[PDB]
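S.K.:
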DNA sequence: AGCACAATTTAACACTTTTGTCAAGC
DNA sequence: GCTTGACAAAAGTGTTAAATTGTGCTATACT
Ligand SMILES: [Zn+2]
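Protein chains in written order, with the entry's author numbering: chain G, 245 to 293; chain E, 85 to 87, 98 to 126, 140 to 167; chain D, 26 to 109; chain S, 3 to 147; chain Z, 163 to 465; chain C, 343 to 391.
(1) Taking 8 Å as the cut-off, is the CB of residue 80/S close to at least one heavy atom of ligand 1?
(2) How many angstroms separate the CA atom of residue 268/Z from the CA atom of residue 192/Z?
(3) One question on the structure: do residue 128/S and residue 249/G come within less than 9 Å of each other, judged by their Cβ atoms?
(4) For residue 147/E, write down the residues that DSSP places opposite it in a beta bridge.
(5) Buried or exposed, going by whether 16 or more other CB atoms sit within 10 Å of the CB of residue 260/Z?
(6) Any heavy atom of ligand 1 within a distance shorter than 8 Å of the CB on residue 53/S?
(7) Taking the CB atoms as reference points, tell me whether residue 126/E and residue 99/E lie closer together than 9 Å.
(8) Using 8 Å as the cut-off, classify the Cβ of residue 62/S as near or not near the heavy atoms of ligand 1, replying yes or no.
(9) Compare the Cα-Cα distances from residue 313/Z to each of 460/Z, 391/Z, 341/Z and 200/Z and report the closest residue.
(10) Does the segment 267–281 of chain Z come into contact with the segment 318–328 of chain Z, if we say contact requires no fewer than three beta-carbon pairs (one atom in each stretch) closer than 8 Å?
(11) Which residue comes first and which comes last in the alpha helix (DSSP H) that contains residue 270/Z?
(12) With DSSP run on the structure shown, which of helix, strand or coil describes residue 386/C?
(13) Among 147/S, 133/S and 118/S, whose alpha-carbon lies nearest the alpha-carbon of residue 268/G?
(14) Within its chain, find whatever has a CB closer than 8 Å to the CB of residue 95/D; leave out the 5 residues flanking it on each side and keep chain order.
(15) Spatial neighbours of residue 148/E within its chain, please: CB distance less than 8 Å, with the 5 preceding and 5 following residues excluded, ordered by chain position.
(16) Would residue 41/S pass as a contact of residue 300/Z if the rule is Cβ separation under 9 Å?
(17) List, from N- to C-terminal side, the alpha helix (DSSP H) runs of 4 residues or more that fit wholly inside the segment 15–57 of chain S.
(18) Counting contacts by CB-CB distance shorter than 9 Å, is residue 388/C in contact with chain Z?
(19) Whose C-alpha, out of 118/E, 141/E, 166/E and 155/E, is nearest the C-alpha of residue 327/Z?
(20) With 7 Å as the C-beta to C-beta threshold (strictly closer), list the residues of the segment 345–374 of chain C near chain S in chain order.
(21) Can you look up residue 198/Z in the DSSP assignment and give me helix, strand or coil?
(22) Using the beta-carbon of each residue, which ones in chain S are nearer than 8 Å to residue 40/D?
(23) With DSSP collapsed to three states, give me the class of residue 229/Z.
(24) So is the beta-carbon of residue 48/S under 8 Å away from any non-hydrogen atom of ligand 1?
(25) Less than 8 Å between C-beta atoms, sequence neighbours within five positions excluded: which residues of the same chain meet that for residue 437/Z?
(26) Please list the segments of the alpha helix (DSSP H) lying wholly inside the segment 32–99 of chain D, counting only runs of 4 or more residues, in order along the chain.
(27) Decide if residue 265/G is buried, meaning its Cβ has at least 16 other Cβ atoms within 10 Å, or exposed.
(28) Taking only three categories from DSSP, how would you classify residue 94/S?
(29) What are the boundary residues of the beta strand (DSSP E) that residue 159/E is part of?
(30) Hey, residue 376/C and residue 388/C: beta-carbon distance below 9 Å or not?
(31) Under a Cβ-count criterion, where at least 16 other Cβ atoms within 10 Å of its own Cβ denotes burial, should residue 229/Z be classed as buried or exposed?
(32) Taking the continuous beta strand (DSSP E) assigned at residue 136/S, which residues delimit it?
(33) Between which two residues does the alpha helix (DSSP H) harbouring residue 294/Z extend?
(34) Between the Cα of residue 144/S and the Cα atoms of 245/G, 283/G and 252/G, which residue gives the shortest distance?
(35) Tell me where the beta strand (DSSP E) around residue 147/Z begins and ends.
(36) So that I know if they touch, is there some Cβ in chain Z lying closer than 9 Å to that of residue 378/C?
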């Protein structure tokens, strides 16, 4: 934070979780999750499933 | 000891019947340099029971 | 018999508070918002308690005289000058 | 009170929904005066918010008869209505800092953890102030420099 | 895993201070407050300052606040070492700590480096008082002003001392004498000291039912009475019919049967447009008419 | 349980207005967070109140 | 803990208005 | 059948004196 502090931002607590939910495109996060390909036989897709 | 010795026990405050009537506990105060009174010490009747707050209890 | 008074909160929300026709209408009212609200019509006569909450400056002034503080500030400034 | 409703639906109660429900924010952690034994103002049991203790009686008493109902006392701020409202009206608490609903955090599987790809052991460290989380990042400035 | 563990791992990171460091931070803080106040006062008094110097004072504030934060973060351990002793007295450990930190904050605001005393000497007072004062304001579900919490503890102290001297619980007279107050006061005080019990407790055997289930709602309506009350209103209606049209109205207004709010003789006489004495005379005759056996015998059962 | 929540919440406003360090403030938000957790599902995390 | 001090609430009270009441009378 | 003026009690209302209540503070050093 001392260096590079003006390039990013970080916080703790519920308000930080509140922010991650703020900038969260529900549809975008869904389409990338719509990937029924990308292997999937393993749990990695089930984890997304 | 060492951190108390020779603890005392005075005669009972009131009689069993008198305790059950007044709703008090059948107890005899105990004592222990500076002398200290530790508190009223419950006592066991001849029937092997205790009077705790006017009621006749039995320890199992 | 019902009087309808409207108050305005600092954040911009408004509330309707029915009162009795005969009784006085307050100027400020604790609203559902949880904030104080001023009535819109009737003039406010709001006699603010005007009690200034005690601050850290008050606690320092009552032990250091302004001269002692001035001398300290000179020490600090004479110190920052030397650092240059 | 018709006794015939078709559906019954739930949903996440938003902060606004909660604020709309409430009849006023409870500001103090007080219950009742240790002497008068009456509900303290601005606190829990506050008649000014939840409701009066006696039917059609405000706190101070300037309004006592059933004559006036639906009005509020300009002194104690108590609405003159049945004492039952004391069982139907809710309050609310405005938080100086947001807080996570434990049901969606610790509830297995973590509804929030699955919603953002944060392992429950990682998410637990975030909302409980055990680690920092990167909220934003400037890609153009990080690349140009 | 555990939160109180986390708070300790962070305060332990800060480096404790020696006597010399405390005074330096103390100086920087006082210089920060005066520098900030001087800049505000100069605008009020329409005064200016050298450009370079004015900008130097502004930095004195940034350095002053860093001193304030640094001074607190070093003595956080002291707050905890004092907060350990008040656990289990009806206040969570953390709450004691945070209240201690509140006291700690004030100590920093009032500490005096010129006296040459170690900081922990003067901070223990405020931190200690901050915790005790907190318990008197928050420990009890039904709050008691500190002065009453003060006397309650004083009475228990006398009680415990008198208990140790006499070998028997001191009576209200003995306890009132030693405390220089009326025996009735100690009784009134002993009523205030009692704390509430949990409705959610389980008095029934093996969780058969919680305690709250046995609480009557004495305000709930009584079906038989709401019916008798309704029959009484109907029966009075008939009794009102025997009286004069105006005479029946006077009885209604005088007791407020119609609008639910009684009216004084003047008010009643104002609606009928006669003296307030005339209404008094009319009412008395109504009662005599009402006490007649024919009209009155039916209503005795309603007690 | 409400008392623990409203107490810690109020103390937070106090600390925020006092410009207290982040260790104390963050320690308060964490305490506030746990008070609401106890109010809703006490014991679901950590030792119950 | 304890005490000082300020702020606030409660009491106390004097005083005025209001309300109920008696008598005598229109 | 109603009103008058007396008188009182009761109900208010403004002015003061307790009391109650809330806040600040305590300097060996104490982490
Ligand atoms: Zn009222």
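From the three backbone atoms N, C-alpha and C, an ideal C-beta is built for every residue, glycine too.
M.R.: Quick answer:
(1) yes
(2) Straight-line Cα distance between these residues: approximately 14 Å.
(3) It is not a contact, given that the beta carbons lie outside the stated cut-off.
(4) 123/E
(5) Buried, by the Cβ-count rule.
(6) no
(7) yes
(8) yes
(9) Answer by Cα proximity: 341/Z.
(10) no
(11) 255–272
(12) Residue 386/C carries a coil assignment under DSSP once its states are collapsed to helix, strand and coil.
(13) 118/S
(14) none
(15) 103, 121, 122, 123 and 124
(16) no
(17) 17–23
(18) yes
(19) 141/E
(20) 345, 347, 348, 349, 351, 354, 355, 358, 368, 371, 372 and 374
(21) helix
(22) Those within 8 Å of residue 40/D in chain S number zero; the least Cβ separation is about 10 Å.
(23) Looking at residue 229/Z - three-state DSSP - the assignment turns out to be helix.
(24) In terms of side-chain proximity, the C-beta atom of residue 48/S is found no nearer than 8 Å to any non-hydrogen atom of ligand 1.
(25) 431
(26) 81–86
(27) Exposed.
(28) strand
(29) 157–159
(30) In contact: residue 376/C and residue 388/C (Cβ atoms closer than 9 Å).
(31) buried
(32) 135–139
(33) 281–300
(34) 252/G
(35) Nothing about residue 147/Z can be read from this structure; chain Z reaches only from 163 to 465.
(36) no
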